[PDB]
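Asks: Residue numbers (full-length UniProt numbering): 306 to 643, 666 to 944, 955 to 1020.
Cβ atoms here follow ideal geometry from the backbone N, Cα and C, with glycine treated the same way.
Shown below is the structure under consideration.
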RNA sequence: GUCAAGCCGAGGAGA
RNA sequence: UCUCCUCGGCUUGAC
Ligand SMILES: Nc1ncnc2c1ncn2[C@@H]1O[C@H](COP(=O)(O)OP(=O)(O)O)[C@@H](O)[C@H]1O
Ligand code: ALF
Ligand SMILES: [Zn+2]
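Right under this line is the structure:
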């Protein structure tokens, strides 16, 4: 029951036979269908050729793999060929390399494949080789770039093509290369002011893929334009003259502390540059071993955060955020006391805070000066849903997660949204961060299905949503004051697959966001022109340029290796001393340390044992200092109750000359630690 | 079916 | 070089 459209056939017509190429079309144009048709066509040809038919599909996003398998690939081609869909969530009970020769149609996230190849290179596993496949297919190719995943693969394929070309003039024998396909919407630009630079960027993309041409549709192009609708754009701006009662109270607190510090930011409060200054000051303070400065740097940073959320989010959210933090600090102090101890700074800060904290709590619940951009957002939602009369499938984007969760709660709480019957759910990535609850991959998938069901007419999400999530109908899409690049803008702007679609943006009049909007708009215009230039490029000249770029990429890789051969070759097990960071309290040396899984660094001596504290919530306990610094988390490996930690929380002190430093992660530093022989700790 | 923790890589933004 | 955010992956464990 497979189908096709005219332009679809037109654009793909070359690839139907050889011609490893790219395809560039607007969103929701049946790209997936194009791929599917090509898969079937490709295999049928291999079968009639009595030749092996293997295919593989690649998606950067995990959600996307399931999507394609669920809705497009598995349905049509189920009967003819075997199919299967893999992801981190999926369990490869078999293995990757085996199924490569089992289901004959693979769908996978990228890094899975690369992981397999890399293992093959190591010899640790049988792994897999490109030759095993006959056709490699890709989505969102635009990602292919400097150190992008896809690029890691292509650089291999390119290398082999170069070998094949070398043989072409030396020896008849060669190694087969699978046909490569490319599927995207906006190949994008590398922030090129000049369209010629953009042209170059494209050429780089194509060469990173052995694209013989962009091959965008021209003849039926009008038909496609007619078929496909573009949302009615809409800008929404809001100036923040309010927040004087509450925000200003905060700025007052910040200044009070800075006065406690005698440190001049020379930067506006609530800004990243201000935050960055806080960090470097904190780093310097800690490296110096000095206090009263790094600690305050920490708190101020917390407050700049609180400001930025208070800018977007209401006073309540930020106040709560500060309150949680200080609550944690108090609990640490109490655990330490559990003896007698006193502090001057912390006492200054907590007595500075707790009372003003009550004040801000009182100031927190105010509807009038709650926000401006949030309100505008409400107005847009309420208007559109009221206007749709049950015909609204809504999406939202932001930058962070804490944002998403807050919005979903506040929207559900708001009677106005409740009145219209809108239902809000927040979506995020699997990993846990930003002090938010992680979502199980299944939970995300469930949520997606519920929206596809319409159970949720308003799904909050993050960049993860910007891609894929092919939905039959969506009328509404917005952006909550977030500008990253033209590509993200267009993909998101191309997600309301409805005859009538609305694109909205919400920005502070003060922030130069609409600026960047216009930027990306120009880039969008620039690229289509650049594409038209190359499409008219000479084949041979095109060929020469791409070859040059292919080589360039590879040699670049070689040097990035050369500077990475070792680049920090210290075999110095214990030539150091780790102190606490808040307090300059010695903790351990390098010798008392060992490793498990060659990943986790730990010490397991009673000397380190009788120093920390376990703050409760129960198995995975958290660790803290006697100063109140947090140190690490418990760990139960093979029964051993080893407490593991994070290097970032501690500070370096060499034996030689003590140029104290921070590394933020173990791998960065040169020296090695050993694994732990469990011969120890026996009877 | 549930949860936690940790490590690594990559991209984007800003500086 | 630093920072923030985001994504992907790999391990350990417990329930
Ligand atoms: N032959 C066809 N005729 C009509 N509609 C089609 C055809 N093939 C695909 N589509 C439509 O295209 C949509 C899928 O678009 P897709 O290519 O996945 O989005 P994108 O191009 O942004 O990745 C489906 O909802 C389907 O309705
Ligand atoms: F391939 Al698309 F939006 F164009 F997922
Ligand atoms: Zn300490």
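How many Å lie between residue 724 and residue 794 at the Cα?
Replies: Rounded to whole angstroms, residue 724 to residue 794 spans 12 Å at the Cα level.
Asks: Skipping 5 residues on each side, what residues in its chain have a beta carbon closer than 6 Å to that of residue 548?
Replies: Same-chain partners within the cutoff: 696.
Asks: So residue 704 and residue 833 are in contact, right, with Cβ under 8 Å, and what is the actual spacing, rounded?
Replies: Confirmed, about 5 Å.
Asks: Determine the closest residue to residue 575 out of 748, 603, 512 and 615, with distance taken between C-alpha atoms.
Replies: Closest option to residue 575, Cα to Cα, is 615.
Asks: Within its chain, find whatever has a CB closer than 6 Å to the CB of residue 437; leave out the 5 residues flanking it on each side and keep chain order.
Replies: The answer, listed in chain order, is 405.
Asks: I'd like to check one pair, residue 374 with residue 388: are the Cβ atoms closer than 8 Å?
Replies: Yes, they are a contact pair.
Asks: Determine the burial state of residue 369: buried for a count of at least 16 other Cβ atoms within 10 Å of its Cβ, exposed for fewer.
Replies: It counts as buried.
Asks: In three-state terms, what does DSSP make of residue 414?
Replies: Strand, per DSSP.
Asks: Looking at the secondary structure, which residues open and close the beta strand (DSSP E) in which residue 915 lies?
Replies: Unbroken beta strand (DSSP E) run through residue 915: 913-915.
Asks: Please give me, in chain order, every unbroken run of the alpha helix (DSSP H) with length at least 4 that falls completely inside the stretch 823-889.
Replies: As far as the stretch 823-889 is concerned, its whole alpha helix (DSSP H) runs of at least 4 residues are 840-862 and 866-889.
Asks: Is it a yes or a no for the stretch 848-862 touching the stretch 501-510, going by three-plus beta-carbon pairs under 8 Å?
Replies: Flag = yes, the stretch 848-862 and the stretch 501-510 touch.
Asks: Checking 8 Å against the spacing of the C-beta atoms, do residue 845 and residue 493 come in under that value?
Replies: Contact flag unset, no.
Asks: Does the stretch 977-987 come into contact with the stretch 995-1008, if we say contact requires no fewer than three beta-carbon pairs (one atom in each stretch) closer than 8 Å?
Replies: Because the criterion of three Cβ pairs below 8 Å is met, the stretch 977-987 and the stretch 995-1008 touch.
Asks: Less than 8 Å separating the beta-carbons of residue 461 and residue 636?
Replies: Not closer than 8 Å, so no.
Asks: Below 8 Å on the Cβ atoms is my guess for residue 486 versus residue 443; work out the distance and round it to an integer in Å.
Replies: Sure, about 6 Å apart at Cβ, within 8 Å.
Asks: Pull up the CB-CB distance for residue 677 and residue 608, whole angstroms please, since I reckon it's below 8 Å.
Replies: Actually they do not touch by this definition, with Cβ atoms about 14 Å apart.
Asks: So, at 6 Å on beta carbons, what are the nonlocal neighbours of residue 761 in its own chain, with the 5 sequence-adjacent residues on each side left out?
Replies: Correct list, in chain order: 727, 728 and 729.
Asks: For residue 335 and residue 714, I'd like the C-alpha separation in whole angstroms.
Replies: Cα-Cα distance, rounded: 29 Å.
Asks: Under three-state DSSP, which class holds residue 420?
Replies: Three-state result, residue 420: helix.
Asks: Please list the segments of the beta strand (DSSP E) lying wholly inside the stretch 498-583, counting only runs of 3 or more residues, in order along the chain.
Replies: Entirely contained in the stretch 498-583, the beta strand (DSSP E) runs reaching 3 residues are, in chain order, 540-543.
Asks: Measuring alpha carbon to alpha carbon, tell me which of 784, 628, 756 and 785 ends up nearest residue 771.
Replies: Looking at the Cα atoms, 756 is the closest of the given residues.
Asks: On the three-pair Cβ rule with 8 Å, is the stretch 814-823 touching the stretch 796-804?
Replies: Output reads yes: the stretch 796-804 touches the stretch 814-823.
Asks: Is any heavy atom of ligand 2 found at a distance shorter than 7 Å from the C-beta of residue 344?
Replies: Checking the Cβ of residue 344 against ligand 2 gives no.
Asks: What do you get for residue 392, buried or exposed, if any count of 16 or more other CB atoms within 10 angstroms of its CB means buried?
Replies: Residue 392 should be labelled buried.
Asks: Can you give me the C-alpha to C-alpha distance between residue 351 and residue 320, rounded to a whole angstrom?
Replies: Rounded to the nearest angstrom, the two C-alpha atoms are 14 Å apart.
Asks: Taking C-beta to C-beta, are residue 466 and residue 515 nearer than 8 Å?
Replies: Their beta carbons are under 8 Å apart, which means residue 466 touches residue 515 by this criterion.
Asks: Looking at the secondary structure, which residues open and close the beta strand (DSSP E) in which residue 780 lies?
Replies: Counting along the chain, residue 780 falls outside any beta strand (DSSP E), though it belongs to the alpha helix (DSSP H) covering 768-780.
Asks: Alpha carbon to alpha carbon, how far is residue 895 from residue 1019? Give it in angstroms, no decimals.
Replies: Going from the Cα of residue 1019 to the Cα of residue 895 covers about 36 Å.
Asks: Looking at the secondary structure, which residues open and close the beta strand (DSSP E) in which residue 959 lies?
Replies: Taken as a continuous stretch (DSSP letters only), the beta strand (DSSP E) holding residue 959 covers 959-961.
Asks: Rounded to whole angstroms, what's the CA-CA distance from residue 408 to residue 424? Just pull it up for me.
Replies: Residue 408 and residue 424: Cα-Cα distance of roughly 21 Å.
Asks: Specify the secondary structure class of residue 353 as computed by DSSP and reduced to three states.
Replies: Three-state DSSP puts residue 353 in a helix.
Asks: Here's the rule: buried if 16 or more other CB atoms are within 10 angstroms of the residue's CB, otherwise exposed. What is residue 875?
Replies: Exposed: under 16 other Cβ atoms inside 10 Å.
Asks: Any idea if residue 468 is buried or exposed, counting beta-carbon neighbours within 10 angstroms, 16 or more meaning buried?
Replies: Exposed.
Asks: So is the beta-carbon of residue 490 under 7 Å away from any non-hydrogen atom of ligand 2?
Replies: Yes; taking the cut-off as 7 Å, the Cβ of residue 490 has a heavy atom of ligand 2 nearer than that.
Asks: Under the criterion of a Cβ to heavy atom distance below 7 Å, does residue 999 qualify as lining ligand 3?
Replies: Checking every heavy atom of ligand 3 against the Cβ of residue 999, none is found closer than 7 Å.
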